[PDB]
C-alpha cells in the first residue's frame, strides 16, 4: 500500500567500504609514443591544486544539520529540492516529495581539466554520540493533509549521512555529547574515541580525522591534539590562514582558519552575500597570493542553493572552471601527497616512458581521497599512441593543459565496485533520471577497462 503511513529508519543500500581502503598505493603508468613523436626528455610535478585549479574553496557545514542533506548535498547532486521543507533519504527513495519541490536541472560541479565532471565537495560535522541521529522518518506518499513529515529535524539522521558518504562528502567532529560541566580537556579527550566508534559502526568503518571547533571552545582543540586520529582541524581564531601557493610546512594537526562571513546586524545581507564579496576581492590578486576561501556554514537554505549555483556558473563547469571546491579532508590529503610523494618518469625504450609515484597516507587511518594530478612537461596528447596503468589505478583521465600534459589519477581501491552499485541502483529504479545520471557520473570516473565497458552498456 503506497498511501499508508510508515515510520522508518532511513537506510541506503550500499556504502563505500571505507574500512577496506588500502593505505598504500603504487602508481605505474606506461606511456607509449607515436613513431615520429619520440621526445628527448620529460619531467613531472604534482601541481599546487588538484586538476591544475587556480584557487581553493573549502566548505564545512557545522551542527550536523538536516539542511546539509536537504539543501547542500541535494543541490550539488541534482536531487529534488524544496524552498521551505527538509527531505530525508527515504522521501527521495519513495518519491514522497514536499508540495513545493523543484530541481535546478543540473548538478553543481567543476571539471577535472580532462573532460570529466567533478561535483562540488564539502564536509559536515557529525553528532555521532547523540541519539537524535536515530530519529525515524515519516513517509506517506500522496498524503497532503499536512506536511509535518518534511519539517526540519534537530540534526541529520544516520541514513542521510550514510548516503552522503557515497558522494565523497567528508565528516568532522564538533560538539561531543557530554554535560557542559564535563567539557574539560581530559573528558573531551576520552569522549573522542566513543564518538569515533559510532562513526565507524555507522559509516562502514570510515575513521573521522577532522575537528571543526565548536562554540569558540579551545578545550576542543587542546583535547583533539591529544587524540592522534585527528589530523586536521579548523577554527575561526587561533588558526593558520591557508595560502595554498605559499604554504610550505607540515600541516599535520594544524588548525586551518575558516570564516562564517556573518553579515552586519540589520544590514539585510546574507552569509552568501558576504562570501561572494570576499571571493570577488580575493580574485583580484594573482593566484599565488590568494588565500583559500575557507568557509563554515550553519543552516543552508534557498539563498545557499542559489549561491552554490552562482559558483558553478562563475568559477565552475559553467564558468571559468578555475576553482577547486572541496572539503578540508580531501585537501589535507592532497597537500600531504604533494609534500611526500615524488613522481618520477623514466624512459624504458625509445618510444616508451614509465611514470611512477607512491601515494602513502598517514599511519592513523587510510586516507580516503587517494587521487592526484600529475603534470608531464615535454609531452602532448598528440604524441601519445597509448597509455596503460597498473591495478592500483582505478580512475585515469588525461589531456593537454596549457603547454603541458596532465593526468588525473584515482586510486580508490573499490571505485569500480562503487560505480557498479550506482548502476545496480539505476537498474532497480530505471525511471529515475537522477539515478541514471549518477550511474553515468560514477562510471565515467573509471579508467578504460572491460568493467567500464560492461557498466556503460548497462546504462545506455
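Numbering follows the first chain given and starts at 1.
**Student:** Read off the CA B-factors in the entry, average them over 271 to 279 and over 77 to 85, and name the higher stretch.
**Tutor:** The stretch with the larger mean CA B-factor is 271 to 279.
**Student:** Comparing 329 to 337 with 297 to 305, which has the greater mean CA B-factor as deposited?
**Tutor:** On average, C-alpha B-factors are higher across 297 to 305.
**Student:** Among 288, 130, 201, 257, where is the Cα B factor highest in this entry?
**Tutor:** That would be 288.
**Student:** From 214, 113, 264, 316, pick the one with the largest CA B-factor in the entry?
**Tutor:** Highest C-alpha B-factor among the listed residues goes to 264.
**Student:** Compared with the other modelled residues in the chain, in which third is the CA B-factor of residue 175?
**Tutor:** Its C-alpha B-factor belongs to the middle third of this chain's values.
**Student:** Determine, from the deposited record, the chain-internal third of the Cα B-factor for residue 37: lowest, middle or highest.
**Tutor:** Tercile = highest for this residue's CA B-factor.
**Student:** Rank-wise, by C-alpha B-factor, drop residue 167 into the lowest, middle or highest third of its chain.
**Tutor:** Ranked within chain, residue 167 CA B lands in the lowest tercile.
**Student:** Within this chain, which third does the Cα B-factor at residue 159 fall in: lowest, middle or highest?
**Tutor:** Middle third.
**Student:** Which third, lowest, middle or highest, does the CA B-factor of residue 395 fall in along this chain?
**Tutor:** Residue 395: CA B-factor falls in the lowest third of its chain.
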